[PDB]
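J.: Let me begin by handing over the structure; questions about it come next.
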Amino acid sequence: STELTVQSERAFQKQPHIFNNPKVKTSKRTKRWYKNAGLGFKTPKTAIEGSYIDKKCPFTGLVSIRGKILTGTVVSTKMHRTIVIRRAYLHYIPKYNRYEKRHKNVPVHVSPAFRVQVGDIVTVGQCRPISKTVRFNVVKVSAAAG
Amino acid sequence: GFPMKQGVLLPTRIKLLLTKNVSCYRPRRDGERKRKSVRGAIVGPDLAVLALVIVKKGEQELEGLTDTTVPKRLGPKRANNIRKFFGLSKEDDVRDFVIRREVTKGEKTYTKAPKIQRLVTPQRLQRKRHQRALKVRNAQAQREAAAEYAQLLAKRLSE
Amino acid sequence: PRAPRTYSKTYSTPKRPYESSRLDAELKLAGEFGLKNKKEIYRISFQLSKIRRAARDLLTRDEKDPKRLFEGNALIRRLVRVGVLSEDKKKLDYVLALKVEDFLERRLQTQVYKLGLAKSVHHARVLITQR
Amino acid sequence: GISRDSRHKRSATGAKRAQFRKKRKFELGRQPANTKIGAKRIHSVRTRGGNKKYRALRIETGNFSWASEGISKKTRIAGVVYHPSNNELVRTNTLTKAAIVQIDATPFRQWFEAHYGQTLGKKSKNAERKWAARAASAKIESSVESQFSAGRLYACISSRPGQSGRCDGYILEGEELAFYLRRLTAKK
Amino acid sequence: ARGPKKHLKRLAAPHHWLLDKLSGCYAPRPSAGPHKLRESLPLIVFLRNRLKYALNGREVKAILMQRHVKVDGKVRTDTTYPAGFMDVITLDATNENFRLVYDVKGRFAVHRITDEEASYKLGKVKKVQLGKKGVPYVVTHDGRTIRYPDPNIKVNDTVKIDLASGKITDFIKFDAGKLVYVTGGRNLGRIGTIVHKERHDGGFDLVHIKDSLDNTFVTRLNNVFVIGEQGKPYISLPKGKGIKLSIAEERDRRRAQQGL
RNA sequence: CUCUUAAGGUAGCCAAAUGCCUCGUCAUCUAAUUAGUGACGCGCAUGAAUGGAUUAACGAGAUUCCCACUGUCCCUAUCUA
RNA sequence: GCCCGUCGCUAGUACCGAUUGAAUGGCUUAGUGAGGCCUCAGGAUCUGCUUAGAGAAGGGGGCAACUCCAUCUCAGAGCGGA
RNA sequence: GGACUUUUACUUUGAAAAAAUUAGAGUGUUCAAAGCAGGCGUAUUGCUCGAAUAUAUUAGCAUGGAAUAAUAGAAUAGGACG
RNA sequence: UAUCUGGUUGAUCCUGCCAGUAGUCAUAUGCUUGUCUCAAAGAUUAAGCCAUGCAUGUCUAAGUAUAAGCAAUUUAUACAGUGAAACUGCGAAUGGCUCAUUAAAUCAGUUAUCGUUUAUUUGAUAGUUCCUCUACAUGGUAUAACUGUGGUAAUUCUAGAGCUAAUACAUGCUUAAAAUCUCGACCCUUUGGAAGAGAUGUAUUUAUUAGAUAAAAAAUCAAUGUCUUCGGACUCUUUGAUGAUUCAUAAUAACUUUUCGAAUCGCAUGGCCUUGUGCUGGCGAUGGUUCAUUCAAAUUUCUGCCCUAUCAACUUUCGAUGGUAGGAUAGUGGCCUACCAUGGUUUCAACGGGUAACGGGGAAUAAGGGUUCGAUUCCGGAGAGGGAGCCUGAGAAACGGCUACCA
């Protein structure tokens, strides 16, 4: 529900091997490593001018996007830095030459770069086991309703 | 029938998990441990036999023992191990020192001897010569093609 | 763990066991071609059905169908090579009108007879099965 | 023994699971090397497919690096000060990654005062030539300088002593040191 | 299964060997080697199933143990050695030089090349890597690695190797037009130019193709093996040039060639 | 259908605090039960505000058994005022 | 003519039912806890390094003086390993 | 000229795609069930065609289509295009 | 290969079942049984119990031969043929059997490893090791078989004393040229410069750095690099793969109970000149570190399961969903642990229950659609009386391995 003032956890929050010399006065108080995700996914401003950490962020972090690029609607933002996406479809029963509405809930990691709520069509991408349930990662976010 | 075991203490049979390089057990396959019975290390009256070894010799002679003496069976076989046995030095050529034993057939007796191992031979010295050659030759050749490529690379640029 | 040396059965008993009509016709056949039992007609009745089915299916397709032409003419070329289909009845329409005795006629049995050598199918029977 | 398998867990739905198979070795886990401070004691452990791991379970002296000054010196490691995971590690002085430990400062003293020719907050020709150039570059943080007076430096462990066998770390500089400093007077 | 498997049930073997159904429970099972065991060809199957130079599998070994056979110039003696595409095989004691190269069905045809040409082969590069000590290297489709390559050589480009020195001697790039051999899939055995490569980020680029008959087929980049220029092969193609004809056009070519 | 003497024991309940025979018969609990319980009922002599049957809760009421417990006992000993 | 229910005989089936009924399996609270594995120890027996004193060698190079490497033999004084 | 559906379902055609089984081409196991053989000849040092094809109705991937059926967009203008 | 018929009435037409009919890679049983081809076969009930035998061992020209083995001769006075035993190496994790467990598990098609391990095969890959007077014409110990002293009723039990090998065990030399670095005797004061001293294989661990790009111009601070026409100037200046990375790879400072860098074996018998058993030298074998290949493995994305609500809420017990750090693993991961939040699934059927449930390839039934079946020739899975634990090894939570409890 809320993004900490970075140094909230008992461990110091920093990007691995991104060093800034104290003997060298600059502009930015802290350097910032980010990358381009791939498959033509544009990295957001928030992913750059931020001081959020998230070692599980697609950009700015230590994961990567390969496998399956999915899309479903947001159904639960109640967690912290991960949400629940619903994926609706239609199974085909040969016998009745007809279909039935099925659905799946797919847990996804949501970077602090995106500020997403229930509603919101979202574009997630597969990314190795982050954490038991979670296997995918928010990458692009289509609008809500207004 | 059970054997005493070094330093268990106790004067009674017990069952230990035994392993490789341990008395009272010869492993029938690699990594096979076996729960086997064993006798203590302390002398009781429940002993069938008791091996002793003589340290200091006593006053009188022991007929089966001190009196008689028995030879070793095998003599030295390694180069220096023959040298050490007779006390030779590095340049003494063992070949004419090795132990020979006579074997009688019926009417043609013959002798035999080991096969001085570790012995430095013309062949061995030839092998070290080859290894040396191959190493230096292959190194230079690997530097030949090294610079050869680096110049093939500049002409992907300078042109 | 070997390979299942495959197989299949050759005949097909009738759906209705006692048709005085059918049972008559079957007996007529068994006597003139000199057969041994009803199985020797079931064998051929069954063989006939696939053929008519094979052709029944090919005909439903649009003509000049790559599969229809190959699998049809291949069917027709075989049926003619044995003497069951007329030399110029080489159409799938003409194989659906094919009937049992066409096949039945071409047996060695009714050839040993049909050109001397025997002067009786029952004679022809024993002549074949005695080398 | 220990099994890192996920089968014994529940499903997210909350459903239980019947046991599918017995435990396989290729999902095993082992007990922690809880690496304490003391005379060097390391045992190894045969891992998957040949391969050695090094159970460092007693360590003095690790290899640390003054990051900004570009060098590294092997010190001694005094005790454990803080630990973001668990304070019990601190109390029993236990060396993990992300540990925060006090280390000797004298090897870092002997470098500074000889590299630059200065003393930390109280001849020859080419020696002076070098010092003169290296000057205007050799003033460091006062939050780091004043530490030398005590002879022990705040450092953070970046090795994994249960794995590598090394208790290597890096002396805390920047805001990182600033942060652990703040945490060190709120509680310790 | 507690470890690597060592048997091959004769039914689970690759069909394109054409081993019989009956006559035994097992097939040879390629040893570990240059080619993927499913994409390979044991020497036992060549020397008795494809050449009939042997009957027993015993007499296969007796031939091999005589060192009677080189593969790519090196004398191979493992009964079930896994030879493959672009390989040569040289039965010296009978002046025969082959080259395992594809049928027009999907099989390994008995292609006899000259006593020359067997002094080289081709190689599809798989990766181009910077090795250690700065040295660069390429890896070909038969587990050959050649250090110090032409900087131009990228992935998918083929490579002219010798056969007693390694060493690349010219090569072909992958662009439009080139002459291509399909090495697997529904079009295995076919030959044609290029027309198009339809790249797909994420995975799987397809490569449209056209033969010497204006028939356009498509496969996956993986299956494409460049072997030279339009109408200009860098090796001797087997009979039929891997052109592929329908079952219809097959049947006509049979009955016509049949008789006289 | 009949007689005494007005009716002729219904709904229920039982060897029940009411059953003689009787330590009733069957089942259950036990090694073994004139005990207990569940049943059966031509019930010497059950039975309907002379109240009948059921009943949660309550009981220093009567009765059976289990667990725990223990000098009640086997089998006695020792100590203190 | 058809036909309903009590009542009466025989056989079969399921149901209810004292028995704090019984059996088998799975999962389990509490208490107890084998074994091998990891670890603090222990140290039957083994053993590497170093040092002074002793006996016997050969010279790193001298008219008498000078001084290394290797090997092995017995009182010891240290610090290490299996 | 390459990329290009607001977001889909649908439909076309392909791709990756085990063998056996099934369907089915050739072949005279003497016939057939089978098998994957075999066929021709100076048969005294030979020649030669084969071991096809189709099927997968879910899902994924690639692709031609935009009818039918869903869906988003400018209303306090917090609009589009440059 | 799109078919019906017999039975409710006195008779009729319907509803509607029962009964007949036909097949079954469908099992049993009965009666009968001549030939050819093909050949399933203790699945069902009891993954119930098992006498006895067998089913896993293995050697080349090429690791170890002092058999008091045999053949015998060798040119054989080190050995030399053949070779019991034993050591060393490799295999015993494949196969074969069964279907007990298992219902989102397994399995199938489809992905993923920018998330790991991999004996072996195949292709590559090593001049650096000591040190401010060193074995390299080759270091040091030990053990088996054997010998002899023995114990026990008993077994693939073994004790104590004596011997001797290695590609076993443990040690340990080696190689060219340049260059770049740090420390810096000293000299001469300027644009100032150095004499030689040490360091620089790979692997290990940690930090720092390079790994550039969409199109262009200056100003300075900091430390110092070429130059020229000694005033000041500086051009043609280098960098790979991916859709994407802290990638490949290189560099700097160091770290290390220091990984590897041939003390090995068979054939060959040649060539040089100062002629010394001097120097050079062929074809392999077996090793070896790192990468690649291969045979794999381990996790993994999407979609798909039979009956059931007389199962409606489930999950957080004592991890249930997530976050941060750590530990552990070959590695990702609530896999485990600390701390922190209260999340996670559900009428589109969760959760629970049943299955006489291993999944699939497939099988039976032929209008079509469907119905039923799949222990069982192939693939995947699992198990070896029940559980757990573990040694060895590349690989096993292995059972013709061990350890324990249970039966």
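By convention here, the chains of the structure tokens are called A, B, ... in the order presented, each chain's residues are numbered starting at 1, and ligands are numbered starting at 1 in the order presented.
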Name the residues of stretch 30-205 of chain E that come out as strand (DSSP E or B) in a backbone DSSP run; write them as a count of residues only.

T.: 55

J.: Given only C-alpha atoms (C1' of nucleotides), how would the per-residue table for chain H near chain A read, listing every residue at most 9 Å away with its closest atom pair and distance in Å to one decimal, sorted by chain and number, as a Markdown table?

T.:
```
| residue | atom | partner | partner_atom | distance |
| --- | --- | --- | --- | --- |
| H:9 | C1' | A:90 | CA | 9.0 |
| H:57 | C1' | A:94 | CA | 8.6 |
| H:58 | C1' | A:92 | CA | 7.5 |
```

J.: Give me a file of those residues, with N, CA, C and O atoms (P, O5', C5', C4', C3', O3' and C1' of nucleotides), as a PDB file, in the first residue's frame.

T.:
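Result file follows (again29.pdb):
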```pdb
ATOM      1  P     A H   9      -7.691 -14.559 -28.767  1.00  0.00           P
ATOM      2  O5'   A H   9      -9.047 -15.375 -28.979  1.00  0.00           O
ATOM      3  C5'   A H   9      -9.887 -15.692 -27.879  1.00  0.00           C
ATOM      4  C4'   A H   9     -11.330 -15.859 -28.293  1.00  0.00           C
ATOM      5  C3'   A H   9     -11.590 -16.681 -29.542  1.00  0.00           C
ATOM      6  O3'   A H   9     -11.552 -18.073 -29.290  1.00  0.00           O
ATOM      7  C1'   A H   9     -12.912 -14.719 -29.587  1.00  0.00           C
ATOM      8  P     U H  57      -6.569 -32.841 -31.441  1.00  0.00           P
ATOM      9  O5'   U H  57      -6.526 -31.262 -31.738  1.00  0.00           O
ATOM     10  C5'   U H  57      -6.652 -30.726 -33.056  1.00  0.00           C
ATOM     11  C4'   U H  57      -7.963 -30.018 -33.276  1.00  0.00           C
ATOM     12  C3'   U H  57      -8.943 -30.026 -32.104  1.00  0.00           C
ATOM     13  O3'   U H  57      -9.625 -28.776 -32.093  1.00  0.00           O
ATOM     14  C1'   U H  57     -10.008 -30.876 -34.017  1.00  0.00           C
ATOM     15  P     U H  58      -8.857 -27.422 -31.681  1.00  0.00           P
ATOM     16  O5'   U H  58      -8.462 -27.676 -30.155  1.00  0.00           O
ATOM     17  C5'   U H  58      -9.442 -28.050 -29.199  1.00  0.00           C
ATOM     18  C4'   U H  58      -8.892 -27.975 -27.801  1.00  0.00           C
ATOM     19  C3'   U H  58      -7.877 -26.875 -27.553  1.00  0.00           C
ATOM     20  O3'   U H  58      -8.478 -25.605 -27.366  1.00  0.00           O
ATOM     21  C1'   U H  58      -7.106 -28.895 -26.597  1.00  0.00           C
TER      22        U H  58
END
```

J.: Hey, what's within 8 Å of residue E:35 if we count only C-alpha atoms (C1' of nucleotides) and toss same-chain stuff fewer than 5 positions away? As number ranges by chain, please?

T.: E: 40, 82-84, 141-143; I: 294

J.: With C-alpha atoms (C1' of nucleotides) retained, could you export that selection as a PDB file, in the first residue's frame?

T.:
```
ATOM      1  CA  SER E  40      23.240 -39.158 -35.740  1.00  0.00           C
ATOM      2  CA  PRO E  82      27.851 -41.374 -33.572  1.00  0.00           C
ATOM      3  CA  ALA E  83      28.660 -40.041 -37.052  1.00  0.00           C
ATOM      4  CA  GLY E  84      26.454 -37.378 -38.642  1.00  0.00           C
ATOM      5  CA  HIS E 141      27.547 -28.289 -35.494  1.00  0.00           C
ATOM      6  CA  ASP E 142      29.831 -31.260 -34.885  1.00  0.00           C
ATOM      7  CA  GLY E 143      31.441 -30.086 -31.679  1.00  0.00           C
TER       8      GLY E 143
ATOM      9  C1'   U I 294      27.830 -34.915 -26.214  1.00  0.00           C
TER      10        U I 294
END
```

J.: Find the residues of chain E in contact range of chain C, meaning any atom within 9 Å when counting only C-alpha atoms, and list them as a PyMOL selection string.

T.: chain E and resi 9-11+21-26+247-248

J.: Write out as a VMD selection string which residues come within 7 Å of residue A:6 when counting only C-alpha atoms (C1' of nucleotides), dropping same-chain ones fewer than 5 positions away.

T.: chain A and resid 13 51 to 52

J.: Using only C-alpha atoms (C1' of nucleotides) and a cut-off of 8 Å, which residues of chain B sit close to chain G? Please list them as a compact mmCIF listing (two decimals) with N, CA and C atoms, in the first residue's frame.

T.:
```txt
# COMPACT_ATOMS: atom_id res chain seq x y z
N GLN B 6 41.91 -52.51 19.39
CA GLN B 6 42.77 -51.47 19.92
C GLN B 6 42.00 -50.33 20.58
N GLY B 7 42.24 -50.14 21.87
CA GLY B 7 41.79 -48.97 22.58
C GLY B 7 40.29 -48.73 22.66
N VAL B 8 39.50 -49.78 22.64
CA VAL B 8 38.09 -49.61 22.96
C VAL B 8 37.95 -49.40 24.47
N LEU B 9 38.92 -49.94 25.22
CA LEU B 9 38.83 -50.15 26.68
C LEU B 9 37.79 -51.24 26.92
```

J.: Using only C-alpha atoms (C1' of nucleotides), determine which residues lie at most 9 Å from residue E:12, disregarding the query and same-chain residues fewer than 2 positions distant; provide the list as a ChimeraX atom specification.

T.: /E:8-10,14-15,26-27 /H:18-19 /I:378-379

J.: Export N, CA and C atoms (P, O5', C5', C4', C3', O3' and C1' of nucleotides) of the chosen residues as a PDB file, in the first residue's frame?

T.:
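Produced file out39.pdb, reproduced below:
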```
ATOM      1  N   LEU E   8      18.874 -48.761 -25.727  1.00  0.00           N
ATOM      2  CA  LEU E   8      17.866 -48.183 -26.617  1.00  0.00           C
ATOM      3  C   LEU E   8      16.910 -49.250 -27.081  1.00  0.00           C
ATOM      4  N   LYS E   9      15.664 -49.161 -26.633  1.00  0.00           N
ATOM      5  CA  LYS E   9      14.656 -50.105 -27.078  1.00  0.00           C
ATOM      6  C   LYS E   9      14.336 -49.855 -28.551  1.00  0.00           C
ATOM      7  N   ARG E  10      14.448 -50.917 -29.347  1.00  0.00           N
ATOM      8  CA  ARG E  10      14.308 -50.843 -30.802  1.00  0.00           C
ATOM      9  C   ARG E  10      12.898 -50.522 -31.250  1.00  0.00           C
ATOM     10  N   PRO E  14      15.608 -43.651 -33.736  1.00  0.00           N
ATOM     11  CA  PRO E  14      15.128 -42.792 -34.827  1.00  0.00           C
ATOM     12  C   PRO E  14      14.658 -43.605 -36.043  1.00  0.00           C
ATOM     13  N   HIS E  15      13.472 -43.277 -36.550  1.00  0.00           N
ATOM     14  CA  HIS E  15      12.874 -44.053 -37.625  1.00  0.00           C
ATOM     15  C   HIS E  15      13.713 -43.990 -38.891  1.00  0.00           C
ATOM     16  N   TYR E  26      16.350 -54.448 -28.988  1.00  0.00           N
ATOM     17  CA  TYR E  26      17.158 -53.252 -28.848  1.00  0.00           C
ATOM     18  C   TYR E  26      17.702 -52.752 -30.179  1.00  0.00           C
ATOM     19  N   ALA E  27      18.047 -51.466 -30.188  1.00  0.00           N
ATOM     20  CA  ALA E  27      18.716 -50.797 -31.298  1.00  0.00           C
ATOM     21  C   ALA E  27      20.119 -50.388 -30.820  1.00  0.00           C
TER      22      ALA E  27
ATOM     23  P     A H  18       9.135 -35.923 -32.552  1.00  0.00           P
ATOM     24  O5'   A H  18       7.854 -36.737 -32.003  1.00  0.00           O
ATOM     25  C5'   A H  18       7.159 -37.710 -32.792  1.00  0.00           C
ATOM     26  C4'   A H  18       8.033 -38.900 -33.107  1.00  0.00           C
ATOM     27  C3'   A H  18       7.300 -40.162 -33.568  1.00  0.00           C
ATOM     28  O3'   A H  18       7.210 -40.334 -35.006  1.00  0.00           O
ATOM     29  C1'   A H  18       8.661 -40.650 -31.637  1.00  0.00           C
ATOM     30  P     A H  19       8.444 -40.620 -36.010  1.00  0.00           P
ATOM     31  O5'   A H  19       8.815 -42.154 -35.779  1.00  0.00           O
ATOM     32  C5'   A H  19       7.862 -43.191 -35.963  1.00  0.00           C
ATOM     33  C4'   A H  19       8.290 -44.437 -35.228  1.00  0.00           C
ATOM     34  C3'   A H  19       7.331 -45.607 -35.281  1.00  0.00           C
ATOM     35  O3'   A H  19       7.407 -46.330 -36.492  1.00  0.00           O
ATOM     36  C1'   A H  19       8.009 -45.287 -33.062  1.00  0.00           C
TER      37        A H  19
ATOM     38  P     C I 378       8.807 -52.326 -24.374  1.00  0.00           P
ATOM     39  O5'   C I 378       8.589 -50.898 -25.032  1.00  0.00           O
ATOM     40  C5'   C I 378       9.189 -50.567 -26.271  1.00  0.00           C
ATOM     41  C4'   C I 378       8.896 -49.139 -26.614  1.00  0.00           C
ATOM     42  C3'   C I 378       9.100 -48.170 -25.465  1.00  0.00           C
ATOM     43  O3'   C I 378      10.448 -47.742 -25.371  1.00  0.00           O
ATOM     44  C1'   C I 378       6.967 -47.823 -26.423  1.00  0.00           C
ATOM     45  P     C I 379      11.060 -47.266 -23.969  1.00  0.00           P
ATOM     46  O5'   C I 379      10.324 -45.878 -23.714  1.00  0.00           O
ATOM     47  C5'   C I 379      10.511 -44.799 -24.615  1.00  0.00           C
ATOM     48  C4'   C I 379       9.738 -43.572 -24.202  1.00  0.00           C
ATOM     49  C3'   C I 379       9.813 -43.186 -22.737  1.00  0.00           C
ATOM     50  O3'   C I 379      11.016 -42.526 -22.398  1.00  0.00           O
ATOM     51  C1'   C I 379       7.576 -43.046 -23.475  1.00  0.00           C
TER      52        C I 379
END
```
